[PDB]
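Take a look at the structure below.
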Amino acid sequence: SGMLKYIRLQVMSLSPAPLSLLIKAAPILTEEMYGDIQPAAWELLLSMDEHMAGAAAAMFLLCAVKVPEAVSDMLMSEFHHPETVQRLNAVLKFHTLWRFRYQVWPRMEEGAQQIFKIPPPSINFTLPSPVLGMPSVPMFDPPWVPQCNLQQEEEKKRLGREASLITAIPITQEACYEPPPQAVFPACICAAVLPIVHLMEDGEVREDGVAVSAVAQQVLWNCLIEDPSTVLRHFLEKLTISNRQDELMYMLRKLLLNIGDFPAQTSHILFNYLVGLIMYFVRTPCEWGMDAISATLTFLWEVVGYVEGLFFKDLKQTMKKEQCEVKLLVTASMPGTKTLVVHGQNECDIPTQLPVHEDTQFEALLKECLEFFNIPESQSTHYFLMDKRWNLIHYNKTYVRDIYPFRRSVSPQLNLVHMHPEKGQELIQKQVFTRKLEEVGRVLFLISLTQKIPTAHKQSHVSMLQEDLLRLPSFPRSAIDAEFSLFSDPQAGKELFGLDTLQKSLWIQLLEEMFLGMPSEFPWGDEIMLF
Amino acid sequence: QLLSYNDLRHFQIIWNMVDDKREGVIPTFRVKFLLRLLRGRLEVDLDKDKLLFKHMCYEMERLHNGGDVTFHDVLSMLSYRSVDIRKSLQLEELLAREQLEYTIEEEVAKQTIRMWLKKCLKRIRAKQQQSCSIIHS
Amino acid sequence: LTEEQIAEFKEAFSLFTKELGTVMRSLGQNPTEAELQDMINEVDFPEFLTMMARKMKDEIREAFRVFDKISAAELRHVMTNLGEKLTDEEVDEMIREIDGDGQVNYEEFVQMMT
Amino acid sequence: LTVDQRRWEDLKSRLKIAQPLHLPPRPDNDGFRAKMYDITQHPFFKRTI
């Protein structure tokens with residue numbers, strides 16, 4: 001009994017005895033032996049024996065934790081290796097590492113979490129509360145649940161079963177009974193996702209007929225269905241510390257256009273993370289804040305393409321509770337700041353507090369500040385108002401209430417800065433271009449949101465949209481007015497005009513889509529004109 | 001489980017003892033002097049229900065902004081708070097009550113934080129003006 | 001009767017010009033004996049309360065019961081929305097006024113109360 | 001409605017019909033009306049009446 005039990009439990013095979021030892025004494029290992037042992041763990045990842053594969057995966061994960069640079073370099077070299085065999089083997093190794101991530105801690109000395117430290121994941125995002133949408137769609141007739149006129153019931157069950165998607169869930173992760181497990185997947189392995197995203201377009205075929213693209217797609221689809229956050233963590237957190245929005249949005253668009261679909265949970269997590277990122281960026285002013293918001297909004301309208309339980313009422317209520325709802329929807333009403341505080345060119349000089357009505361151009365404020373500060377008319381063109389905190393240079397003909405819709409106790413702080421007129425015009429052009437792109441993104445987001453809703457609820461959604469649109473104070477001006485003065489500029493006028501034609505076309509599309517949703521006998525007054 | 005006739009009589013007596021006149025209305029700031037003087041089944045333990053007492057005070061303070069409150073208002077507030085609202089209210093009324101109490105909790109917490117700010121801002125209001133004087137000098 | 005004045009003053013003006021000092025000594029306060037007449041001119045329970053409540057008007061439990069969440073984002077939001085006018089620049093100091101982990105412990109703030 | 005909800009509505013109506021106590025007087029100031037009030041509110045007087 002003793003020997004048989006020992007051989008059946010403690011010694012499954014003799015081959016993985018050495019590697020496993022290194023797991024037990026991981027804390028004592030020096031940085032040099034980690035690199036010395038890394039090649040063997042990397043090579044032994046495809047062993048048929050499950051025990052050897054698990055031991056190698058655990059050892060490689062510990063090596064990556066201790067020496068991220070070496071593992072990152074090796075992974076990048078393998079994914080960019082000239083031969084197909086090496087790249088396919090690297091993809092398979094990544095899959096094995098992913099599926100062996102939950103079996104690392106048990107393999108080492110008991111209670112090693114205190115002696116061995118894994119830094120907690122760092123996130124500055126506060127996901128919207130409550131959760132915006134359904135976390136997943138329950139299968140209509142799950143064959144792995146014990147619970148549960150006959151012919152009709154069977155017909156209904158079959159018809160509903162045909163409409164579902166069995167391949168969109170982690171099958172093997174749902175059947176298991178539910179009576180904690182900790183996952184060690186350091187951030188330097190998640191970087192391997194991008195090479196796989198690129199590989200999705202690699203058509204090379206091995207001598208046995210397996211294509212790299214097919215394997216990559218299968219692996220990443222399985223990873224996404226099993227745990228979306230773990231794979232899409234190293235990107236969401238990283239973007240906060242660096243201004244690499246363009247690259248990440250490019251990568252996500254490639255992911256969308258190569259997998260061809262997003263399961264409900266994956267799109268849900270991505271949408272919540274992106275919304276939280278926008279909320280954080282508006283929340284904590286930063287140098288590249290507005291650019292990041294514009295970039296994120298430019299793509300959000302595709303993520304919203306695949307979401308199931310997103311309804312107008314819930315979204316409106318939760319996002320309003322967050323109170324920073326004016327940056328996502330267009331049917332948002334927010335009384336703007338009543339007063340504005342501005343400092344002069346110098347330091348510690350007597351600032352000025354000025355009133356703000358609902359139809360005040362920045363031209364009047366600039367004129368009042370200029371005259372109040374005893375400035376000669378000759379150098380009038382050299383002074384511009386700007387927001388130092390958010391690093392915004394302001395256009396003359398933009399309403400105060402639109403740029404500062406927040407009616408808080410604290411008025412926005414402006415500064416009267418001096419600089420060359422040409423640079424000021426260039427910066428104004430850039431910022432208005434970014435803001436117009438953001439507005440186009442918001443319109444596209446609303447289009448996508450209102451183009452996927454059960455037909456039964458579509459009439460109610462469109463009626464609600466019409467009501468909020470009608471009750472918005474300055475909608476016709478918002479959708480019709482354009483910054484005519486900047487079009488004449490030769491350097492940047494053409495781009496602004498080309499982006500405004502698209503904005504107007506999208507507005508027309510929005511109104512036409514809204515019109516069709518409503519009934520054919522709606523009682524209309526004169527307000528129809530407003531649309 | 002519900003307010004009894006004796007409780008109503010006792011509360012009326014306490015109101016008459018704190019309401020000097022027969023105007024039927026008292027300044028809101030005086031109403032706390034009602035809650036803690038109430039005895040018997042309606043008594044509130046200051047050593048265990050500090051949070052609840054403050055919540056009631058601000059709930060009646062918020063009902064009308066700094067306005068005088070009538071006998072019926074405080075009576076209804078105590079009546080609501082003396083019952084298991086989850087069991088004795090309709091769905092919509094229960095939701096409204098829950099949202100109202102949640103808002104009151106957050107508001108009173110950030111009001112304590114407002115007092116903390118009062119102190120801290122009074123402390124910090126020296127350095128900036130001293131630097132202003134240095135710049136002028 | 002109890003430490004809080006509400007139960008003090010139902011008896012202080014029902015059980016008993018100078019004897020009432022005995023209840024004042026419960027709070028640890030010994031004002032001038034002549035001043036005992038000064039408030040007695042209000043003679044009335046509600047008036048006595050209105051006077052001496054603001055007289056006394058002129059800690060960690062609350063700190064631990066307000067930690068109902070508090071990173072930079074949440075602190076910034078709650079802080080700007082708090083109330084009376086305050087220039088937001090000073091909030092920059094508030095975020096820096098120790099561990100630098102992005103979390104705030106109100107116990108340290110209560111320690112720093114003075 | 002559950003009978004508990006019916007009781008809640010009944011109590012709400014009872015509180016609606018409720019009114020503040022009628023007599024606010026201070027029976028301590030005088031030396032003549034004071035004892036008269038003290039004896040007047042004694043329950044035994046009402047019982048004998």
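Labeling convention for the structure tokens: chains A, B, ... as they appear, residues from 1 per chain, ligands from 1 in order of appearance.
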Show which residues sit within 12 Å of residue 87 (chain A), as number ranges by chain. Count only C-alpha atoms, and ignore same-chain residues fewer than 5 positions away.
-> A: 74-82, 92-94, 192, 195-196, 198-200, 202, 204-206, 211-213, 215-216
Any chance you could export the current selection's C-alpha atoms as a PDB file, in the first residue's frame?
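And here's selection24.pdb as it stands now:
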```
ATOM      1  CA  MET A  74      13.387  34.926 -26.565  1.00  0.00           C
ATOM      2  CA  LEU A  75       9.668  35.197 -27.338  1.00  0.00           C
ATOM      3  CA  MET A  76      10.202  38.061 -29.785  1.00  0.00           C
ATOM      4  CA  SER A  77      12.997  36.144 -31.516  1.00  0.00           C
ATOM      5  CA  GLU A  78      10.893  32.980 -31.765  1.00  0.00           C
ATOM      6  CA  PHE A  79       7.803  34.735 -33.137  1.00  0.00           C
ATOM      7  CA  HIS A  80       9.985  36.518 -35.721  1.00  0.00           C
ATOM      8  CA  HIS A  81      12.053  33.414 -36.487  1.00  0.00           C
ATOM      9  CA  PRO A  82      12.600  32.866 -40.239  1.00  0.00           C
ATOM     10  CA  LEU A  92       2.004  25.962 -29.325  1.00  0.00           C
ATOM     11  CA  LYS A  93       4.338  26.726 -26.412  1.00  0.00           C
ATOM     12  CA  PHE A  94       2.308  29.842 -25.634  1.00  0.00           C
ATOM     13  CA  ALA A 192       3.285  37.600 -26.840  1.00  0.00           C
ATOM     14  CA  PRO A 195       2.968  38.620 -32.360  1.00  0.00           C
ATOM     15  CA  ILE A 196       0.079  36.137 -32.523  1.00  0.00           C
ATOM     16  CA  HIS A 198       0.245  39.590 -36.524  1.00  0.00           C
ATOM     17  CA  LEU A 199       0.617  35.861 -37.232  1.00  0.00           C
ATOM     18  CA  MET A 200      -3.134  35.540 -37.828  1.00  0.00           C
ATOM     19  CA  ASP A 202       0.551  34.313 -41.982  1.00  0.00           C
ATOM     20  CA  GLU A 204       2.560  29.549 -44.585  1.00  0.00           C
ATOM     21  CA  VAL A 205       1.659  25.853 -44.342  1.00  0.00           C
ATOM     22  CA  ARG A 206       3.753  23.166 -42.662  1.00  0.00           C
ATOM     23  CA  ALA A 211      -1.268  26.509 -41.171  1.00  0.00           C
ATOM     24  CA  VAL A 212       0.163  29.061 -38.752  1.00  0.00           C
ATOM     25  CA  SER A 213      -2.858  31.350 -39.086  1.00  0.00           C
ATOM     26  CA  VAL A 215      -3.407  27.605 -35.044  1.00  0.00           C
ATOM     27  CA  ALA A 216      -2.957  31.223 -33.956  1.00  0.00           C
TER      28      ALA A 216
END
```
Pick out the chain C residues within 12 Å of chain D. Count only C-alpha atoms. Give them as a PyMOL selection string.
-> chain C and resi 13-14+43-45
Saved selection, atoms kept: N, CA, C and O atoms, as a PDB file, in the first residue's frame:
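The file below, part09.pdb, is the result:
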```
ATOM      1  N   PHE C  13     -32.505  71.243  35.382  1.00  0.00           N
ATOM      2  CA  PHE C  13     -33.473  72.301  35.646  1.00  0.00           C
ATOM      3  C   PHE C  13     -34.798  71.747  36.156  1.00  0.00           C
ATOM      4  O   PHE C  13     -35.810  72.456  36.149  1.00  0.00           O
ATOM      5  N   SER C  14     -34.811  70.493  36.593  1.00  0.00           N
ATOM      6  CA  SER C  14     -35.961  69.877  37.239  1.00  0.00           C
ATOM      7  C   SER C  14     -35.620  69.313  38.607  1.00  0.00           C
ATOM      8  O   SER C  14     -36.440  69.395  39.526  1.00  0.00           O
ATOM      9  N   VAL C  43     -33.975  81.987  31.766  1.00  0.00           N
ATOM     10  CA  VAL C  43     -35.194  81.460  32.361  1.00  0.00           C
ATOM     11  C   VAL C  43     -36.335  82.448  32.151  1.00  0.00           C
ATOM     12  O   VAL C  43     -36.108  83.648  31.993  1.00  0.00           O
ATOM     13  N   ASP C  44     -34.985  78.345  30.837  1.00  0.00           N
ATOM     14  CA  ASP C  44     -35.747  77.587  29.853  1.00  0.00           C
ATOM     15  C   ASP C  44     -34.880  76.506  29.214  1.00  0.00           C
ATOM     16  O   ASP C  44     -33.781  76.777  28.731  1.00  0.00           O
ATOM     17  N   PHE C  45     -35.395  75.280  29.218  1.00  0.00           N
ATOM     18  CA  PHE C  45     -34.694  74.119  28.683  1.00  0.00           C
ATOM     19  C   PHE C  45     -34.228  74.365  27.249  1.00  0.00           C
ATOM     20  O   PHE C  45     -33.025  74.264  26.971  1.00  0.00           O
TER      21      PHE C  45
END
```
Find the residues around region 69-72 of chain B up to 8 Å (only C-alpha atoms counted), leave out those fewer than 4 positions away in its own chain, and share them as an MDAnalysis selection string.
-> (chainID B and resid 15 24:28 60 64 76) or (chainID D and resid 15:16 20)
Identify, with DSSP run on backbone atoms, the residues in region 1-85 of chain B assigned to strand (DSSP E or B), and express the list as number ranges by chain.
-> B: 25-26, 69-70
For the selection just defined, write its residues with N, CA and C atoms to a file, as a tab-separated table (two decimals), in the first residue's frame.
```
chain	number	residue	atom	x	y	z
B	25	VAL	N	-44.53	73.89	14.40
B	25	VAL	CA	-43.32	73.83	13.59
B	25	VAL	C	-42.15	74.31	14.44
B	26	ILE	N	-40.99	73.70	14.22
B	26	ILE	CA	-39.77	74.04	14.97
B	26	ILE	C	-38.61	74.20	14.00
B	69	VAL	N	-39.38	72.42	9.73
B	69	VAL	CA	-40.08	71.16	9.48
B	69	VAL	C	-41.24	71.04	10.45
B	70	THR	N	-42.34	70.46	9.98
B	70	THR	CA	-43.55	70.33	10.77
B	70	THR	C	-43.56	69.01	11.54
```
Check: which chain A residues lie within 10 Å of chain B using only C-alpha atoms, as a ChimeraX atom specification | /A:347-349
Kindly export the residues of the current selection with C-alpha atoms, as a short mmCIF file (atom, residue, chain, number, x, y, z; two decimals), in the first residue's frame.
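Dumped everything to result04.cif:
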```cif
data_model
loop_
_atom_site.label_atom_id
_atom_site.label_comp_id
_atom_site.auth_asym_id
_atom_site.auth_seq_id
_atom_site.Cartn_x
_atom_site.Cartn_y
_atom_site.Cartn_z
CA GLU A 347 2.57 85.50 -11.99
CA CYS A 348 0.66 86.31 -8.79
CA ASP A 349 -1.14 89.15 -10.60
#
```
Please provide as a PyMOL selection string all residues within 12 Å of residue 29 (chain B), with the sequence filter that same-chain residues fewer than 2 positions apart are discarded (counting only C-alpha atoms).
-> (chain B and resi 25-27+31-35+57-58+60-62+65-69) or (chain C and resi 46+49-50+53-54)
Next, write the just-selected residues to a file, as a CSV table (one decimal), in the first residue's frame, keeping N, CA, C and O atoms as the atom set.
```
chain,number,residue,atom,x,y,z
B,25,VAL,N,-44.5,73.9,14.4
B,25,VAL,CA,-43.3,73.8,13.6
B,25,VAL,C,-42.1,74.3,14.4
B,25,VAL,O,-42.3,75.2,15.3
B,26,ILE,N,-41.0,73.7,14.2
B,26,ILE,CA,-39.8,74.0,15.0
B,26,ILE,C,-38.6,74.2,14.0
B,26,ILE,O,-38.6,73.5,13.0
B,27,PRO,N,-37.6,75.1,14.3
B,27,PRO,CA,-36.5,75.2,13.4
B,27,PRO,C,-35.7,73.8,13.3
B,27,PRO,O,-35.7,73.1,14.3
B,31,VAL,N,-34.4,70.1,15.8
B,31,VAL,CA,-35.1,68.8,15.8
B,31,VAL,C,-34.2,67.7,16.3
B,31,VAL,O,-34.7,66.7,16.8
B,32,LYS,N,-32.8,67.8,16.2
B,32,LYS,CA,-32.0,66.8,16.9
B,32,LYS,C,-32.3,66.7,18.4
B,32,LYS,O,-32.3,65.6,18.9
B,33,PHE,N,-32.6,67.9,19.0
B,33,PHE,CA,-32.9,67.8,20.4
B,33,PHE,C,-34.2,67.0,20.7
B,33,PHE,O,-34.5,66.7,21.8
B,34,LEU,N,-35.0,66.8,19.6
B,34,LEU,CA,-36.1,65.9,19.7
B,34,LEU,C,-35.7,64.4,19.7
B,34,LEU,O,-36.1,63.6,20.6
B,35,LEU,N,-34.8,64.0,18.8
B,35,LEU,CA,-34.5,62.6,18.5
B,35,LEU,C,-33.9,62.0,19.7
B,35,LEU,O,-34.3,60.9,20.1
B,57,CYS,N,-30.7,62.9,11.2
B,57,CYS,CA,-30.6,64.3,11.2
B,57,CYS,C,-30.4,64.9,9.8
B,57,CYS,O,-31.1,65.8,9.4
B,58,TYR,N,-29.5,64.4,9.0
B,58,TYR,CA,-29.3,64.9,7.7
B,58,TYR,C,-30.5,64.6,6.8
B,58,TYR,O,-30.7,65.4,5.9
B,60,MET,N,-33.7,64.6,7.5
B,60,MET,CA,-34.6,65.7,7.7
B,60,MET,C,-34.1,67.0,7.3
B,60,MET,O,-34.8,67.9,7.0
B,61,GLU,N,-32.8,67.2,7.4
B,61,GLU,CA,-32.2,68.5,7.0
B,61,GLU,C,-32.3,68.7,5.5
B,61,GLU,O,-32.5,69.8,5.0
B,62,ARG,N,-32.1,67.6,4.8
B,62,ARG,CA,-32.2,67.6,3.3
B,62,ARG,C,-33.6,67.6,2.8
B,62,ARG,O,-33.8,68.1,1.6
B,65,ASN,N,-34.4,72.3,2.4
B,65,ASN,CA,-33.0,72.9,2.5
B,65,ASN,C,-33.1,74.0,3.6
B,65,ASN,O,-33.5,75.1,3.3
B,66,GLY,N,-32.6,73.7,4.8
B,66,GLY,CA,-32.5,74.7,5.9
B,66,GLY,C,-33.9,75.2,6.3
B,66,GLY,O,-34.0,76.2,7.0
B,67,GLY,N,-35.0,74.6,5.8
B,67,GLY,CA,-36.3,75.0,6.2
B,67,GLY,C,-36.8,74.4,7.4
B,67,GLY,O,-36.4,73.4,7.9
B,68,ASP,N,-37.8,75.1,8.0
B,68,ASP,CA,-38.5,74.6,9.2
B,68,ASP,C,-39.4,73.4,8.8
B,68,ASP,O,-40.0,73.4,7.8
B,69,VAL,N,-39.4,72.4,9.7
B,69,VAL,CA,-40.1,71.2,9.5
B,69,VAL,C,-41.2,71.0,10.5
B,69,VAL,O,-41.1,71.5,11.6
C,46,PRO,N,-35.1,74.7,26.3
C,46,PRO,CA,-34.7,74.9,24.9
C,46,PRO,C,-33.7,76.0,24.8
C,46,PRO,O,-32.7,75.9,24.0
C,49,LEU,N,-30.3,74.9,26.1
C,49,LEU,CA,-29.7,74.1,25.1
C,49,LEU,C,-29.1,74.9,23.9
C,49,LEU,O,-28.0,74.7,23.5
C,50,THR,N,-29.9,75.8,23.4
C,50,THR,CA,-29.5,76.6,22.3
C,50,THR,C,-28.2,77.4,22.6
C,50,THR,O,-27.3,77.5,21.8
C,53,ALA,N,-25.1,74.5,23.7
C,53,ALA,CA,-24.7,73.6,22.6
C,53,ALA,C,-23.7,74.4,21.7
C,53,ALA,O,-22.6,73.8,21.3
C,54,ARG,N,-24.0,75.6,21.3
C,54,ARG,CA,-23.1,76.4,20.6
C,54,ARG,C,-21.9,76.9,21.4
C,54,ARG,O,-20.8,77.1,20.9
```
Could you pull out the alpha helix (DSSP H) residues of chain C from DSSP and send them as a ChimeraX atom specification?
-> /C:5-12,21-24,35-40,45-57,60-66,72-80,91-96,106-111
Residue nearest chain C - candidates B:83, B:126, B:120, B:75, atoms counted: only C-alpha atoms |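 The closest residue to chain C is B:120.
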Check: which chain C residues lie within 12 Å of chain B using only C-alpha atoms, as a ChimeraX atom specification | /C:1-10,44-51,53-54,59,61-69,75,77-91,93-94,97,106,109-110,112-114
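Here CA of residue 492 (chain A) is placed at a distance of 10.9 Å from CA of residue 427 (chain A).
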Chain D contacts to chain B at 6 Å (only C-alpha atoms) as a compact mmCIF listing (two decimals) with N, CA and C atoms, in the first residue's frame:
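Final output, result03.txt:
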```txt
# COMPACT_ATOMS: atom_id res chain seq x y z
N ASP D 4 -49.38 42.89 5.81
CA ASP D 4 -48.42 43.81 6.40
C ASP D 4 -48.44 45.15 5.68
N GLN D 5 -48.55 45.13 4.35
CA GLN D 5 -48.68 46.38 3.60
C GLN D 5 -49.98 47.10 3.96
N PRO D 20 -50.70 67.23 16.90
CA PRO D 20 -49.87 67.48 18.09
C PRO D 20 -50.71 67.66 19.35
N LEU D 21 -50.10 67.30 20.48
CA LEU D 21 -50.78 67.35 21.77
C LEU D 21 -51.27 68.76 22.07
N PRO D 24 -49.89 72.95 25.80
CA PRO D 24 -48.45 73.20 25.93
C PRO D 24 -48.07 73.87 27.24
```
Rounded to one decimal in Å, what is the spacing between CA of residue 166 (chain A) and CA of residue 154 (chain A)?
-> 18.7 Å
Find the spatial neighbours of residue 17 (chain C), counting only C-alpha atoms, within a cut-off of 10 Å - ignore same-chain residues fewer than 6 positions away - and output them as a list in words.
->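 Contacts, in chain order: residues 33, 34, 35, 36, 37, 38, 39 and 40 of chain C.
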Could you please take those selected residues and save C-alpha atoms as a PDB file, in the first residue's frame?
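Output contents, as saved in out.pdb:
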```
ATOM      1  CA  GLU C  33     -19.482  81.223  39.803  1.00  0.00           C
ATOM      2  CA  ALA C  34     -20.954  84.615  38.898  1.00  0.00           C
ATOM      3  CA  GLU C  35     -21.309  83.380  35.313  1.00  0.00           C
ATOM      4  CA  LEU C  36     -23.756  80.772  36.635  1.00  0.00           C
ATOM      5  CA  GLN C  37     -26.234  83.656  36.858  1.00  0.00           C
ATOM      6  CA  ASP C  38     -25.479  84.820  33.307  1.00  0.00           C
ATOM      7  CA  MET C  39     -27.152  81.851  31.615  1.00  0.00           C
ATOM      8  CA  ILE C  40     -29.899  81.656  34.254  1.00  0.00           C
TER       9      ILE C  40
END
```
Select residues of chain A: the criterion is any atom within 7 Å of an atom of chain C, counting only C-alpha atoms; output as a PyMOL selection string.
-> chain A and resi 280+283-284+408-410
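Pairwise distance (CA of residue 10 (chain B), CA of residue 14 (chain D)) equals 15.5 Å.
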